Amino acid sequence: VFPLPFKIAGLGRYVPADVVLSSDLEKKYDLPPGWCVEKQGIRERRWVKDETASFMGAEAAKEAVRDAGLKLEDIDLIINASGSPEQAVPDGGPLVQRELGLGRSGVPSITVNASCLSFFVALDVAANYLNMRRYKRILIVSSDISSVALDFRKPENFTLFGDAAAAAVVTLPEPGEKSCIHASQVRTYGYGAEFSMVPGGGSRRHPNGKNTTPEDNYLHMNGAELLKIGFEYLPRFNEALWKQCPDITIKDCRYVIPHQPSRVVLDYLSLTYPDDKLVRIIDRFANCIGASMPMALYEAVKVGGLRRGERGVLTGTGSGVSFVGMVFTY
């Protein structure tokens, strides 16, 4: 089954233009100077002005299409892979298709939803479409506006979240090119659903029904219990991932590219690997939910200079709870 031919042909990003410095948030909301950097690992973030999520996604997508040496008309499948919805109906796929000027194109546009790990799962889905020769040039878009959830009474909230979009065009590699996936794995532990969830926003606690509570529209998080899921199941997850590519180990990989919704994953990695192995975006873009991993992938290539033939590792933990990992040659 592995290795799977797979080429990240183009990458794109959109972030809002206005930088919100942690130092200015601290001055405005009476936090100690340096609090955000120490507690959150966040020095800056970007918040939207009037952008919609589809607008940001389309901007990132256009950059990725240019980067791939393609025109918009060459894309034959669009996958929206964001951490949060723009609206209830339709899904984000058709909305970004419309925003791209492709609304009359017929190009299928769908959503893959694995919460904040949607981008990862979309890559995996796309890899299978490509190798089955179903589609040739697949656009994956992850765009999130988390600044809508900002509560300026709560420092743990309002200093954490940022807005961003990133996108990839994926294709099969050309003859001679080594681009491939060596290993890919997704596991889900739904017993952890209650430790990171928003119980409102759907049928179970519909606003017009009898099951509503005041706390329905807020993220319920139990960090201690989430970590326990990691303690119990991550070692075997990692073991099983690397068994897929026994010829390749972490020493053969230039960059670790994590979903990074908080500094914890980065701190874990920093105790393990040299700093130059780790791709960091939370410092300048904060927690951008579903866009975090693809933002880090963009960073690895467009700032970190990841070269064709070098290898990377995508990794993440997300609400669900799910774990993902992928070892690839760029």
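For every residue, the number given is its place in the sequence shown, counted from 1.
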property: Per the entry, higher mean C-alpha B factor between 220 to 228 and 164 to 172; result: 220 to 228
property: Higher-scoring stretch by recorded Cα B factor average, 188 to 196 or 86 to 94; result: 188 to 196
property: Top residue by Cα temperature factor, when 276, 283, 267, 51 are compared in the entry; result: 276
property: Among 305, 41, 34, 69 - the residue whose C-alpha B-factor is largest in the record; result: 34
property: Lowest, middle or highest third - CA B-factor, residue 325; result: lowest
property: Chain third (lowest, middle, highest) by recorded CA B-factor, residue given as residue 177; result: highest
property: Residue 263 - Cα temperature factor, lowest/middle/highest third of chain; result: middle
property: Third of the chain's Cα B-factor distribution that residue 315 belongs to, per the entry; result: lowest
property: Among modelled residues of the same chain, the CA temperature factor third for residue 101; result: middle
